[PDB]
>>> print(open('query-v9.cif').read())   # mmCIF, C-alpha atoms
data_entry
loop_
_atom_site.label_atom_id
_atom_site.label_comp_id
_atom_site.auth_asym_id
_atom_site.auth_seq_id
_atom_site.Cartn_x
_atom_site.Cartn_y
_atom_site.Cartn_z
CA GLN A 490 1.32 -24.19 -0.92
CA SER A 491 1.01 -26.81 1.82
CA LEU A 492 4.79 -27.01 2.26
CA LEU A 493 5.34 -23.24 2.16
CA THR A 494 2.93 -22.39 4.99
CA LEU A 495 4.34 -24.77 7.62
CA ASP A 496 5.60 -23.03 10.75
CA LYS A 497 9.18 -24.23 10.48
CA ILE A 498 10.45 -21.64 7.98
CA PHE A 499 7.42 -19.32 7.59
CA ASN A 500 6.58 -18.01 11.07
CA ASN A 501 5.37 -14.80 12.72
CA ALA A 502 8.56 -14.56 14.81
CA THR A 503 11.35 -16.00 12.62
CA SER A 504 10.50 -14.30 9.34
CA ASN A 505 11.39 -15.66 5.92
CA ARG A 506 10.73 -13.35 2.98
CA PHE A 507 11.85 -16.11 0.58
CA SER A 508 8.79 -18.16 1.56
CA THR A 509 6.60 -15.09 1.12
CA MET A 510 8.05 -14.56 -2.36
CA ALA A 511 7.31 -18.17 -3.29
CA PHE A 512 3.79 -17.81 -1.87
CA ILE A 513 3.00 -14.60 -3.75
CA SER A 514 4.45 -16.17 -6.90
CA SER A 515 2.02 -19.07 -6.45
CA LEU A 516 -0.83 -16.60 -5.85
CA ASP A 517 0.14 -14.66 -8.99
CA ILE A 518 0.07 -17.89 -11.00
CA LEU A 519 -3.35 -18.70 -9.51
CA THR A 520 -4.67 -15.26 -10.51
CA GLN A 521 -3.30 -15.67 -14.04
CA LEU A 522 -4.83 -19.16 -14.21
CA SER A 523 -8.26 -17.95 -13.07
CA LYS A 524 -8.52 -15.54 -16.03
CA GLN A 525 -8.37 -18.33 -18.65
CA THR A 526 -11.96 -19.06 -19.67
CA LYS A 527 -11.11 -21.54 -22.46
CA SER A 528 -9.68 -24.19 -20.09
CA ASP A 529 -12.29 -26.36 -18.36
CA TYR A 530 -10.37 -27.07 -15.16
CA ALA A 531 -12.07 -28.33 -12.02
CA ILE A 532 -13.44 -25.78 -9.57
CA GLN A 533 -11.75 -27.44 -6.58
CA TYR A 534 -8.21 -26.61 -7.76
CA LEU A 535 -8.42 -22.86 -7.10
CA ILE A 536 -9.14 -23.15 -3.39
CA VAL A 537 -6.22 -24.02 -1.12
CA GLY A 538 -8.30 -24.89 1.93
CA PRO A 539 -9.22 -22.52 4.75
CA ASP A 540 -6.17 -23.47 6.82
CA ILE A 541 -3.77 -21.75 4.42
CA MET A 542 -5.89 -18.66 3.74
CA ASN A 543 -6.63 -17.71 7.36
CA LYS A 544 -2.99 -18.33 8.29
CA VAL A 545 -1.70 -16.04 5.54
CA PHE A 546 -4.34 -13.49 6.51
CA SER A 547 -2.88 -13.60 10.03
CA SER A 548 0.62 -13.07 8.61
CA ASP A 549 1.96 -9.51 8.77
CA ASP A 550 3.38 -9.02 5.28
CA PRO A 551 1.80 -6.22 3.19
CA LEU A 552 2.82 -7.66 -0.18
CA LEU A 553 1.51 -11.09 0.83
CA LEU A 554 -1.79 -9.57 2.00
CA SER A 555 -2.00 -7.69 -1.31
CA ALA A 556 -1.45 -10.97 -3.17
CA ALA A 557 -4.13 -12.66 -1.05
CA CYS A 558 -6.58 -9.86 -1.89
CA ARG A 559 -5.62 -10.25 -5.56
CA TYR A 560 -6.32 -13.99 -5.32
CA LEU A 561 -9.71 -13.32 -3.72
CA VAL A 562 -10.60 -10.72 -6.38
CA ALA A 563 -9.65 -13.12 -9.17
CA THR A 564 -11.44 -16.14 -7.70
CA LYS A 565 -14.64 -14.18 -7.05
CA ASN A 566 -14.66 -12.77 -10.59
CA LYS A 567 -14.29 -16.36 -11.78
CA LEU A 568 -16.90 -17.64 -9.29
CA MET A 569 -19.60 -15.12 -10.25
CA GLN A 570 -20.79 -17.29 -13.15
CA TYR A 571 -20.72 -20.33 -10.84
CA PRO A 572 -23.81 -21.15 -8.73
CA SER A 573 -24.21 -18.93 -5.67
CA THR A 574 -24.41 -21.87 -3.21
CA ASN A 575 -21.67 -24.50 -3.59
CA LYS A 576 -19.10 -26.12 -1.32
CA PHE A 577 -16.49 -23.45 -2.16
CA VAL A 578 -18.60 -20.34 -2.82
CA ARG A 579 -19.51 -20.07 0.87
CA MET A 580 -15.83 -20.74 1.57
CA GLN A 581 -14.85 -17.67 -0.47
CA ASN A 582 -17.66 -15.76 1.25
CA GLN A 583 -16.19 -16.75 4.63
CA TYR A 584 -12.76 -15.60 3.42
CA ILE A 585 -13.97 -12.17 2.32
CA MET A 586 -16.16 -11.57 5.38
CA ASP A 587 -13.32 -12.47 7.77
CA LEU A 588 -10.83 -10.34 5.83
CA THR A 589 -13.17 -7.34 5.57
CA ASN A 590 -14.00 -7.60 9.28
CA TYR A 591 -10.29 -7.75 10.15
CA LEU A 592 -9.42 -4.92 7.74
CA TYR A 593 -12.14 -2.26 7.86
CA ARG A 594 -15.27 -3.16 9.83
CA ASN A 595 -13.81 -3.24 13.40
CA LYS A 596 -16.72 -5.56 14.34
CA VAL A 597 -14.60 -8.60 15.25
CA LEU A 598 -16.14 -9.15 18.69
CA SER A 599 -19.68 -9.11 17.28
CA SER A 600 -18.87 -11.72 14.62
CA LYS A 601 -19.37 -15.46 15.02
CA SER A 602 -15.66 -16.17 14.47
CA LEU A 603 -12.53 -14.59 12.99
CA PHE A 604 -10.22 -16.85 10.94
CA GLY A 605 -11.88 -19.88 12.51
CA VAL A 606 -11.42 -18.50 16.05
CA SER A 607 -14.35 -17.33 18.16
CA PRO A 608 -14.00 -13.75 19.45
CA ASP A 609 -14.22 -14.74 23.14
CA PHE A 610 -10.57 -15.86 23.07
CA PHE A 611 -9.82 -12.78 20.95
CA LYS A 612 -11.29 -10.62 23.73
CA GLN A 613 -9.52 -12.59 26.47
CA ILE A 614 -6.20 -11.83 24.79
CA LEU A 615 -7.17 -8.15 25.03
CA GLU A 616 -7.78 -8.79 28.73
CA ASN A 617 -4.55 -8.57 30.77
CA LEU A 618 -3.08 -6.66 27.79
CA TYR A 619 -2.28 -3.23 29.16
CA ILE A 620 -2.81 -0.16 26.97
CA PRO A 621 -1.70 3.31 28.21
CA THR A 622 -5.04 4.90 27.22
CA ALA A 623 -8.37 3.10 27.63
CA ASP A 624 -10.52 5.52 25.61
CA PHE A 625 -11.18 3.14 22.69
CA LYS A 626 -9.38 -0.15 23.33
CA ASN A 627 -11.50 -2.76 21.53
CA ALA A 628 -11.51 -0.86 18.20
CA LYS A 629 -8.12 0.89 18.23
CA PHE A 630 -5.95 -1.55 16.30
CA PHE A 631 -8.24 -3.89 14.33
CA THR A 632 -8.36 -1.85 11.12
CA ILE A 633 -6.31 -0.84 8.07
CA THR A 634 -4.17 1.35 10.35
CA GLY A 635 -4.17 -1.33 13.06
CA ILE A 636 -2.77 -4.16 10.94
CA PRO A 637 0.90 -4.81 11.90
CA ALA A 638 1.98 -4.77 8.25
CA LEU A 639 -0.20 -1.75 7.36
CA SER A 640 0.00 0.44 10.47
CA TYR A 641 3.01 2.59 9.56
CA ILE A 642 2.18 2.35 5.83
CA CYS A 643 -1.00 4.37 6.42
CA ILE A 644 1.05 6.93 8.38
CA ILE A 645 3.49 7.25 5.46
CA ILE A 646 0.52 7.69 3.10
CA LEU A 647 -1.01 10.32 5.42
CA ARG A 648 2.30 12.22 5.57
CA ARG A 649 2.60 12.12 1.77
CA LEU A 650 -0.98 13.41 1.48
CA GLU A 651 -0.09 16.24 3.88
CA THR A 652 3.01 17.03 1.79
CA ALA A 653 1.08 16.95 -1.50
CA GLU A 654 -1.58 19.40 -0.29
CA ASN A 655 1.10 21.60 1.40
CA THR A 656 -0.70 21.38 4.73
CA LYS A 657 0.77 23.46 7.55
CA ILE A 658 -0.53 20.90 10.07
CA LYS A 659 1.24 17.56 10.48
CA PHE A 660 -0.23 14.56 12.31
CA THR A 661 2.09 14.54 15.32
CA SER A 662 0.86 11.23 16.74
CA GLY A 663 2.61 8.18 15.35
CA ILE A 664 -0.55 6.02 15.26
CA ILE A 665 -3.77 6.50 13.29
CA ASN A 666 -6.70 5.46 15.48
CA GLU A 667 -10.02 6.97 16.54
CA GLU A 668 -8.65 8.32 19.83
CA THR A 669 -5.62 9.94 18.18
CA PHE A 670 -7.83 11.33 15.39
CA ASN A 671 -10.24 12.85 17.93
CA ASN A 672 -7.35 14.30 19.97
CA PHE A 673 -5.77 15.70 16.79
CA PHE A 674 -8.99 17.50 15.91
CA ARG A 675 -9.37 18.58 19.55
CA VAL A 676 -5.93 20.20 19.79
CA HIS A 677 -6.29 22.19 16.52
CA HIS A 678 -10.05 22.57 16.05
CA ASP A 679 -10.08 26.12 14.65
CA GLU A 680 -7.19 25.35 12.28
CA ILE A 681 -8.88 22.17 11.00
CA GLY A 682 -12.19 24.01 10.61
CA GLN A 683 -10.95 26.52 8.03
CA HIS A 684 -7.90 25.24 6.09
CA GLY A 685 -4.59 23.46 6.49
CA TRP A 686 -5.20 19.70 6.28
CA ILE A 687 -6.53 17.05 3.87
CA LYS A 688 -9.66 18.31 2.13
CA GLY A 689 -12.94 16.40 2.09
CA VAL A 690 -12.25 14.41 5.27
CA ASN A 691 -14.16 14.91 8.52
CA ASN A 692 -14.06 11.51 10.29
CA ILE A 693 -11.77 8.51 10.67
CA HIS A 694 -13.75 6.57 8.04
CA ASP A 695 -13.26 9.42 5.55
CA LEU A 696 -9.55 9.40 6.44
CA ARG A 697 -9.39 5.67 5.67
CA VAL A 698 -11.19 6.24 2.36
CA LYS A 699 -8.78 9.06 1.44
CA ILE A 700 -5.89 6.75 2.33
CA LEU A 701 -7.42 4.03 0.13
CA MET A 702 -7.52 6.54 -2.74
CA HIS A 703 -3.75 7.04 -2.48
CA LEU A 704 -3.11 3.29 -2.28
CA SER A 705 -5.05 2.93 -5.55
CA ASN A 706 -2.62 5.23 -7.39
CA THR A 707 -0.02 3.96 -9.86
CA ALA A 708 2.95 4.29 -7.47
CA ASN A 709 2.66 1.44 -4.93
CA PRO A 710 2.65 -2.38 -5.00
CA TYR A 711 -0.47 -2.30 -2.79
CA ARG A 712 -3.10 -1.87 -5.51
CA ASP A 713 -5.00 -5.03 -4.66
CA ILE A 714 -6.00 -4.20 -1.07
CA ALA A 715 -7.60 -0.95 -2.26
CA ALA A 716 -9.43 -2.81 -5.03
CA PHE A 717 -10.54 -5.48 -2.55
CA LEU A 718 -12.02 -2.85 -0.23
CA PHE A 719 -13.56 -0.98 -3.18
CA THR A 720 -15.16 -4.16 -4.53
CA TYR A 721 -16.77 -6.05 -1.63
CA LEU A 722 -18.13 -3.03 0.24
CA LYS A 723 -21.31 -1.29 -0.92
CA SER A 724 -20.19 1.94 0.76
CA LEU A 725 -16.89 1.78 -1.15
CA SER A 726 -18.35 0.51 -4.44
CA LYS A 727 -18.59 4.07 -5.80
CA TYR A 728 -14.82 4.67 -5.54
CA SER A 729 -13.90 2.04 -8.15
CA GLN B 120 -3.34 -9.22 39.40
CA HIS B 121 -1.81 -10.11 36.03
CA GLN B 122 -2.89 -13.75 35.62
CA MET B 123 -0.75 -14.54 32.58
CA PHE B 124 -1.62 -18.25 32.42
CA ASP B 125 -4.97 -19.95 31.99
CA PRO B 126 -6.38 -21.32 35.29
CA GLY B 127 -6.46 -24.79 33.71
CA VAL B 128 -2.66 -24.81 33.32
CA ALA B 129 -1.54 -22.50 36.15
CA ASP B 130 -1.90 -25.32 38.70
CA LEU B 131 1.07 -27.32 37.36
CA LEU B 132 3.13 -24.23 36.42
CA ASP B 133 5.25 -22.63 39.15
CA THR B 134 4.25 -18.96 39.02
CA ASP B 135 6.19 -18.15 42.21
CA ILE B 136 9.33 -17.18 40.25
CA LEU B 137 7.86 -13.78 39.31
CA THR B 138 6.87 -12.99 42.90
CA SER B 139 10.13 -14.12 44.54
CA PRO B 140 13.46 -13.28 42.85
CA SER B 141 15.29 -15.42 45.43
CA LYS B 142 13.56 -18.52 44.03
CA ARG B 143 14.87 -17.68 40.56
CA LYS B 144 18.36 -16.95 41.91
CA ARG B 145 18.47 -20.29 43.73
CA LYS B 146 17.09 -22.04 40.63
CA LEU B 147 19.94 -20.59 38.53
CA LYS B 148 23.04 -21.19 40.65
#
>>> encode(input="query-v9.cif", output="structure tokens")
Amino acid sequence: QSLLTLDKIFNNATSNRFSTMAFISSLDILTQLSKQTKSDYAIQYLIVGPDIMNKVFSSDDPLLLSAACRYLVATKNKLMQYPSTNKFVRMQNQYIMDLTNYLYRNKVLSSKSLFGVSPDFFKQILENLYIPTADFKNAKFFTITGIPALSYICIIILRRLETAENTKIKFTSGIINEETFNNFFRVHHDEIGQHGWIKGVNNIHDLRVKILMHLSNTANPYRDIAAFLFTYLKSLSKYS
Amino acid sequence: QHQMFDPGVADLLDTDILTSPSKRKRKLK
């Protein structure tokens, strides 16, 4: 795991899906190892350090993020019988709070740090970073539809949900964010109000939940992100 | 003004290339 995550083969610019396959194979073996109760292995051999986990969280590979969520789900279900305050339990807590904040919460700037980086630098990157519309800039692209590996995936899922319900209205914008969602309801308010779109959804959060329902179906290799969001979120605990 | 660099490192970095294309053209040929 230490050799695979070095930025000589496995980068964010020069991609290498071979290294991702080796990494998700290692994560799969870790998940299958964490389910064996009869073996009294040491607790320190399931963590890989923070420096690997935050790096692979920053990586834009949807299968690798799914494997990371699977690893977190397995290691928490193993760590529940462990004491609630150890050297590595708070480490797993840091992992899940950073990943949930990066994935669903959109509260990165209010947090103490994200992936070991304080949000002042994260805001200063947003400064001098021009966006054509400044309606909602600091919360537009820090979510499940704002992840580089999961932006267009959510749009595919939304289009398949529109096709399944035979909706006459199609989401014309090619990005799912709060501004585009509000403009989409603004342009077709009377059509949305009666019929012709996804049922049971009235806000962007409900849209994300309805997307997470379709990612939990038995047709995608992205089961584990939906289970991760359904597990460590009290609002989403009822959708398990 | 698009200050691309940090002020701590912009002092030793020649930013004048972006303002003046003639400087770039004389630094190529």
>>> closest_atom_pairs(input="query-v9.cif", of="chain B", to="chain A", cutoff="8 Å", atoms="only C-alpha atoms", output="Markdown table")
| residue | atom | partner | partner_atom | distance |
| --- | --- | --- | --- | --- |
| B:121 | CA | A:617 | CA | 6.1 |
| B:122 | CA | A:617 | CA | 7.3 |
| B:123 | CA | A:617 | CA | 7.3 |
>>> residues_around(input="query-v9.cif", residues="residue 524 of chain A", least_positions_apart="5", cutoff="10 Å", atoms="only C-alpha atoms", output="ChimeraX atom specification")
/A:519,563-564,566-567
>>> atom_distance(input="query-v9.cif", atom1="atom CA of residue 660 of chain A", atom2="atom CA of residue 597 of chain A")
27.4 Å
>>> resolve_selection(input="query-v9.cif", expression="the PyMOL selection byres ((chain A and resi 509) around 9)", output="JSON, numbers by chain")
{"A": [493, 499, 505, 506, 507, 508, 510, 511, 512, 513, 514, 550, 552, 553]}
>>> residues_around(input="query-v9.cif", residues="residue 581 of chain A", least_positions_apart="3", cutoff="9 Å", atoms="all atoms listed in the file", output="ChimeraX atom specification")
/A:536,561,564-565,577-578,584-586
>>> decode(input="query-v9.cif", residues="chain B", atoms="C-alpha atoms", output="short mmCIF file (atom, residue, chain, number, x, y, z; two decimals), in the first residue's frame")
data_model
loop_
_atom_site.label_atom_id
_atom_site.label_comp_id
_atom_site.auth_asym_id
_atom_site.auth_seq_id
_atom_site.Cartn_x
_atom_site.Cartn_y
_atom_site.Cartn_z
CA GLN B 120 -5.87 41.46 -10.86
CA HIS B 121 -5.32 37.70 -11.11
CA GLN B 122 -2.47 37.17 -8.63
CA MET B 123 -1.72 33.56 -9.52
CA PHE B 124 1.32 33.19 -7.25
CA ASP B 125 1.61 33.56 -3.50
CA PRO B 126 3.13 36.92 -2.45
CA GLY B 127 5.90 35.00 -0.66
CA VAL B 128 7.13 33.50 -3.94
CA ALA B 129 6.07 36.15 -6.49
CA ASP B 130 9.11 38.31 -5.64
CA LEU B 131 11.63 35.90 -7.18
CA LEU B 132 9.32 34.79 -10.03
CA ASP B 133 9.23 36.96 -13.16
CA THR B 134 5.51 37.59 -13.69
CA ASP B 135 6.19 40.15 -16.46
CA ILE B 136 5.93 37.48 -19.20
CA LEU B 137 2.12 37.47 -19.02
CA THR B 138 1.88 41.26 -19.26
CA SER B 139 4.42 41.70 -22.09
CA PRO B 140 4.41 39.22 -25.00
CA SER B 141 7.58 40.84 -26.37
CA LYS B 142 9.48 39.63 -23.29
CA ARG B 143 8.36 36.06 -24.00
CA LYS B 144 9.21 36.40 -27.70
CA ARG B 145 12.72 37.66 -26.90
CA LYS B 146 13.11 34.91 -24.27
CA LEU B 147 12.28 32.26 -26.91
CA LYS B 148 14.39 33.28 -29.92
#
